[PDB]
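Note sheet for the following structure.
Heads up, the Cβs are rebuilt from the backbone with ideal geometry, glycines too, and the neighbour counts pull from every protein chain shown. Computed from the coordinates by the stated procedures, all read-outs in this text should not be read as laboratory data.
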Amino acid sequence: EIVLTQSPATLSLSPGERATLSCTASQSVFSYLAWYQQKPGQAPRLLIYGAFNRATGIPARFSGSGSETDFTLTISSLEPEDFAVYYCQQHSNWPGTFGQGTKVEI
Amino acid sequence: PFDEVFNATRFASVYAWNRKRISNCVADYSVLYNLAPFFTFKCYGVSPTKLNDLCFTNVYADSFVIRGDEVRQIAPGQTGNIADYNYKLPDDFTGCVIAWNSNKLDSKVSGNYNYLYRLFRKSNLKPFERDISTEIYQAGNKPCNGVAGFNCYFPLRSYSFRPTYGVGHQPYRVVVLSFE
Amino acid sequence: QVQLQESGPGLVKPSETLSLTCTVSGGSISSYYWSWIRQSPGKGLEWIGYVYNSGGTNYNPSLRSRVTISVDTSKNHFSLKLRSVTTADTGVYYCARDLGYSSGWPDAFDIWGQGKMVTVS
């Protein structure tokens, strides 16, 4: 089965500050994992698809990589928004499951 | 009107075969004759050259993805897993069949486990019947009231399409034109 | 614009069915892989299944027999029917739609609509 152990858990920031994220796959995603966003109160949303391509609508500063173990999202901008959860997703081995996520505070 | 049937990016499974109705429109076959040289065009009932002179009201166009070593089973009057439980074609068949390799469009390195076929079923089908039920199929003496268990199988299983396979196992896109 | 409303107002008594239903407000079904997703504490985001213009589907093997999705090609009253509803299913459900910039793989959930409630007492 496909499992994700996304880390870390504790983070705090303010506007326009650094940022870092990672996803912990187990067997093999190749290039089919995805990253999502769900502000607290409304429906989820999609951030990255293909593990190396930004999706439409997502602003300029959102991009990440992936090799089943060494995923890297290099971002350092926290707008007045976007402090919310970021959701990892993976689907190559049936069934497809999402992640748990973490947070940052002001 | 021969656009969505041929140049489509999505084809359903064998047990959920698509059915399309084309009528009240000119159906010029200029593409058919020029469809070459990897399109088997075995036509049963009428010659491929003698098509313009003929006229038809309803031109059905089925479409699915199957294994190469199973396309033979689309011929009228044949027996097999694809021709007994999934899709049945009557002996008095009047239509054409077009099959072509689609490895570059319906394969994946990991494997596209999205194509389904019903392996086993209690009774053989009738001409032009849809099989959409996914109920538990029971062969044992113990009657399971919709409860999973031994001798109470789930009659659906997935393919294993992959690029680096033999030609027989490579996916084939088949479209059958049945004229009524 | 393409707000995916959910008109199914049926709450669930113990062990009965799940008479919920999604609805479409503008957009046309066509050949997109409409699907269903769910999430609750205990076990979070989860994927039930996806449907085609016909009975083309693939269900989740964690829970497979109970969940029986339907297809409505024209009246688009496609539903997520369920049997043997437990006291654990209580959660907020969601209705999912994919993006048409790819090949035969439902992977990119983009369009989403407000969820629903269910409880037992």
Candidates A:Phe71, A:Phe52, A:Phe30: whichever shows maximal mean-square fluctuation once chain A is modelled as a Gaussian network with Cα springs under 10 Å: A:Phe30
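Normalised by the number of residues in chain B, what is the relative contact order in percent for Cα pairs under 8 Å and 6+ residues apart? Write down the numbers at each step before the final one.
Values: 311 pairs, mean separation 58.0, N = 180.
Result for chain B is 32 percent.
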task: List, in order, the whole-Hz ³J(HN,Hα) value for each residue of the range B:134-148 obtained from phi through the Karplus relation with A = 6.51, B = -1.76, C = 1.60 and θ = phi - 60°; use x for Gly and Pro.
output: 10, 6, 6, 9, 10, 10, x, 6, 6, x, 8, 7, x, 10, 5
- prompt: What is the set of long-range amide H partners of A:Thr97 at a cut-off below 5 Å, with H atoms built 1.01 Å from backbone N?
  reply: A:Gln90
- prompt: Pick from B:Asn141, B:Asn58, B:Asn114: which residue has the top mean-square fluctuation in a GNM of chain B where Cα pairs under 10 Å get a spring?
  reply: B:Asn141
- line: Given Cβ charges of +1 for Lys and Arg and -1 for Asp and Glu, the option among B:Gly149, B:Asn34, C:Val92 whose Cα lies farthest towards the positive end of the dipole of the protein assembly as shown is B:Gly149
- prompt: What does the average come to when, for each residue of peptide C:105-112, you count the partner chain Cβ atoms lying within 10 Å of its Cβ?
  reply: 6
task: Evaluate peptide B:4-16: per residue, the Cβ atoms of other protein chains within 10 Å of its Cβ; return the mean as an integer.
output: 3
- request: Go through the range A:17-31 residue by residue and turn each phi into a ³J(HN,Hα) via Karplus (6.51, -1.76, 1.60, θ = phi - 60°); whole Hz please, and just put x for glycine and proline.
  value: 10, 4, 6, 7, 8, 7, 9, 10, 6, 10, 9, 6, 9, 6, 9
query: Looking at the square roots a ≥ b ≥ c of the eigenvalues of the Cα gyration tensor of chain B, which shape do they give, rounded for a/c under 1.5, prolate if a/b is larger than b/c, or oblate?
result: prolate
task: Determine the percent antiparallel among the DSSP beta bridges restricted to the protein assembly as shown, to the nearest 5.
output: 95 percent
Given charges at Cβ of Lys, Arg, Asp, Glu: the protein assembly as shown dipole, positive-most of A:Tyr49, B:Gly168, B:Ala8: B:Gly168
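So what's chain A giving for Rg/Rh, alpha carbon basis, Kirkwood Rh from the mean inverse pair distance?
Numbers: Rg = 13.2 Å, Rh = 14.1 Å.
Rounded to two decimals, Rg/Rh equals 0.94.
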- prompt: So for chain C, Kirkwood radius off the Cα pairs, Stokes-Einstein at 37 °C and 0.692 mPa s: how many µm² s⁻¹?
  reply: 222 µm²/s
- prompt: When a footprinting reagent is the concern and you count Cβ atoms within 10 Å, what order do C:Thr73, B:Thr164, C:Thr17 take, fewest first?
  reply: B:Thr164, C:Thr73, C:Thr17
- prompt: Based solely on its DSSP helices, what 222 nm [θ] is calculated for the protein assembly as shown when runs of n ≥ 4 H residues each add -39,500 (n - 2.57) and the sum is averaged over all residues, nearest 500 deg cm²/dmol?
  reply: 0 deg cm²/dmol
C-alpha center-to-center spacing [the range A:49-106, the range B:123-145] in angstrom: 44 Å
query: Sequence-distant or interchain residues sharing an amide H contact under 5 Å with C:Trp36, placed H: which?
result: C:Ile48, C:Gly49, C:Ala96
statement: Whole-Hz Karplus couplings 3J(HN,Hα) for the range C:15-25, θ = phi - 60° and coefficients 6.51, -1.76, 1.60, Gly and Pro as x, run 6, 7, 7, 10, 7, 9, 7, 8, 9, 10, 10
- prompt: Sorted from largest down, what three extents in whole angstroms do the Cα atoms of the protein assembly as shown have along their principal axes?
  reply: 77, 52, 41
- request: With a Förster radius of 25 Å, plug the Cβ-Cβ distance of A:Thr20 and C:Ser102 into 1/(1 + (r/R0)^6) and report the FRET value to the nearest 0.05.
  value: 0.30
- request: Give the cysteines in chain B for which no other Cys Cβ lies under 4.7 Å away, or write none if there are none.
  value: B:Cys25, B:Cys55
- line: Note on the range C:23-121: contact order normalised by length, alpha-carbon pairs under 8 Å, 6 or more apart, percent, works out to 26 percent
message: Over 22 Å between Cα atoms: which of C:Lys43/C:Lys116; A:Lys103/C:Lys43; B:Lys50/B:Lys126; B:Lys20/B:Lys50; C:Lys81/C:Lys116; A:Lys39/C:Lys116 fall into that group?
response: B:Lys50/B:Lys126; B:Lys20/B:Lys50
- request: Provide a whole-number value for the mean count of partner chain Cβ atoms within 10 Å of the Cβ atoms in peptide C:49-60.
  value: 5
- line: Given backbone amide H placed at 1.01 Å from N, residues whose amide H is under 5 Å from that of C:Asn58, ignoring those fewer than 5 places away on the same chain, are C:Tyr50
